[PDB]
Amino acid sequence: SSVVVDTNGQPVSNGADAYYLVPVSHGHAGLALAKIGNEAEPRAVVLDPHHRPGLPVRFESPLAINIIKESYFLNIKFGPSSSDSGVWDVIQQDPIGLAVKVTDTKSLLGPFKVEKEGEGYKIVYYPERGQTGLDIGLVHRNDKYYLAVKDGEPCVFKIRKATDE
């Protein structure tokens, strides 16, 4: 029954509008892509102190509704609705652990939920869309703050509609 709302108190839309995930205690930093491992293109999601508010996301559920509830399984993606090149997934990558990364394919039903935490929301990843969720937090490696599973230590965000663009 809990509807996810933006910083204006309005329900977050199902895919139609983009939003920034603004850390509640890191408004100076914002989501960006960075390199991980030996990869030559930046595919990992980090919280970058040089970009604020960072790359906006869309939250998508296949349900034919235009709001998002905390109980829904979601895809989260960067970029326009029309593109699936920015879709989040969680991928094992040493030495980060289970890192949030982008890829260019998308399941009908994504593996994330947005759940109330503290003064805002946390992103929770459910392997195999099962019952047990793993909190997404920050892992500091290589001078970067990677979004990655850090269960019990979630990064807490508020959700700001991206009407500045």
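Don't overthink the numbering: it's just position in the shown sequence, from 1.
- Comparing the deposited coordinates for 32-40 and 52-60, the stretch with the larger average C-alpha B-factor is 32-40.
- Two stretches are in play, 103-111 and 63-71, and the higher mean C-alpha B-factor belongs to 103-111.
- Remark: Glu117 belongs to the middle third of its chain, ranked by C-alpha B-factor as recorded.
- Ranked by Cα temperature factor within the chain, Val90 sits in the middle third according to the deposited record.
- Annotation for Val139: CA B-factor lies in the middle third of the chain's modelled residues.
- The PDB entry assigns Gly9 a C-alpha temperature factor belonging to the highest third of its chain's modelled residues.
- Ranked within its chain, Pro154 lands in the middle third, by CA B factor from the PDB record.
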